[PDB]
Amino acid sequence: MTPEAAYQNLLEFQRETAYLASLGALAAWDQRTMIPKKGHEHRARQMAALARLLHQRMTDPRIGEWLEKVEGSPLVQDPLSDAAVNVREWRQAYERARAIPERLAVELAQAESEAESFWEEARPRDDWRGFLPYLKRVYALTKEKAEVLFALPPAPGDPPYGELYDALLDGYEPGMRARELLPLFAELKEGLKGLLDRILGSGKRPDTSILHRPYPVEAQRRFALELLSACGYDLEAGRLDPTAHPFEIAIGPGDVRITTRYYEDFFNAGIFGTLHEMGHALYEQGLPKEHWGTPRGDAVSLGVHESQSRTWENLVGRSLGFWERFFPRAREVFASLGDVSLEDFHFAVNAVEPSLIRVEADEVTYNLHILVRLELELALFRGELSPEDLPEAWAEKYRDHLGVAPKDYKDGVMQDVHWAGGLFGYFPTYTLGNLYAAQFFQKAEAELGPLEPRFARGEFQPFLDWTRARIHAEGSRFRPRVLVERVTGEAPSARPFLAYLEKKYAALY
């Protein structure tokens, strides 16, 4: 067959798999939003049937046959062309999938699912003892998956693996290596320590009490919907619904949904939860629709995805400019803000404090939470730490990095579900998101001029369009590291982030 014919069959086959996965995405969305209480068991079974189908498709030998027919042909001479990008990414995903033995894939998936299930009820019981076995099983299998992927060559163009852990990192942040991460965190950790010194020793203290007053949930929903359309989220191609844990899911072109958790006596959850998810949504809604279902039209990495969510949640959402625009409106919507000034409110929503729970941590201490997890993970995969000693290491790490230590498993080593889910080499992407968010922003202001005054006028479209043309439109055409460098002109760094934190908090504390 001709290369064009092989490419088309590969294109059709691969998009068919994506359409099929998107039905799973809809089911996943439904499960966290509308599914009836007694429909969970059936849902799990639907997902498992789908998972088996998708796994079969992702390892179908024909993929390799067609690829070989296209690779090396004139269709992909230009590595930047849509065809070469798709073929290159398809080959890598194909190789990664086939590298993992059947039983390994089956065991790992089952272990994660079971660990997650037991964890859901174990954490509230502070039952580490009962949970450990499930965790070790997931860990042992993950280490095995990593050893297999580590013995194999990286993706063409990517740097060699420096250690087995890089094989896991690579899966979530294509091309990232521990030797590149470590120095970024070193810079970040030092800067955050210097800043926390100033803040903790400051006489100024925000009045967070204002954020815990009454905020009618139906009102929060209305306010959220207004901020959503104001920022540029297309409600004709998405929707906002309440859920236990906020998330964003893209079903397909013209259908990207977001959710948030509202608390009647906590303003932040519902509102910033919305802006956070909206950031992910804007990225998905910005991807080239004509390329949906192919690598060219896919988001490039978790780090870049998190840079878009943090950008709108924090760089935009907690900025003074943003609130000069929306604070008066919030004053009209929420009675609890009657005797509150813009200054007090803006200070309160940016309150800093070392705490125990990562998901609730403020901008400044947040990444210290990630550093803890990263160091623990490295020690694990380097054979320096045992799963049995996680609790002790965790408490000591927290005390050392945040100045506060857990008093139980519940709010300590058992707070996140990630490890139960087999998500190792995942946590660092959150930090990468914050660092990239600031780098992109610095470049955006240099080309568009200060954004604050525009936000103050409700002018978010110029900035949004910018992220579309420079980031969203590119899909997975470039490795995340290369994308950051092409847009900002500099390789990833922690400085723009630190510079951003310093300015904003120097003014607050």
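Sequential numbering from 1, following the sequence displayed.
Note to self: Using only C-alpha atoms and the B-factors in the entry, which stretch averages higher, 165-173 or 197-205?
What the structure shows: So the stretch with the higher mean C-alpha B-factor is 197-205.
Item checked: Of 11-19 and 482-490, the stretch whose C-alpha atoms average the higher B-factor in the entry -> Averaging CA B-factors over each stretch, the winner is 482-490.
Next item on the list: Among 79, 286, 253, 279, single out the one with the highest C-alpha B factor in the record, please.
Entry: The record points to 79.
Margin query: Just to confirm, going by the entry's C-alpha B-factors, which of 306, 120, 265, 234 comes out highest?
Written below: The C-alpha B-factor peaks, among 306, 120, 265, 234, at 120.
Notebook entry, point to check: If you rank the chain by CA B-factor, which third does residue 434 end up in: lowest, middle or highest?
Noted result: It falls in the middle third of the chain.
Next item on the list: Could you look up the Cα B-factor of residue 135 in the entry and say which third of the chain it sits in: lowest, middle or highest?
Entry: Residue 135: CA B-factor falls in the middle third of its chain.
Check: When the modelled residues of the chain are sorted by Cα temperature factor, does residue 416 land in the lowest, middle or highest third?
Finding: Lowest third of the chain for residue 416's C-alpha B-factor.
Margin query: How does the C-alpha B factor of residue 148 compare with the rest of the chain: lowest, middle or highest third?
Written below: Highest third, going by the recorded CA B-factors of the chain.
Next item on the list: Determine, from the deposited record, the chain-internal third of the Cα B-factor for residue 36: lowest, middle or highest.
Entry: For residue 36, whose C-alpha B-factor we compare with every modelled residue in the chain, the answer is the lowest third.
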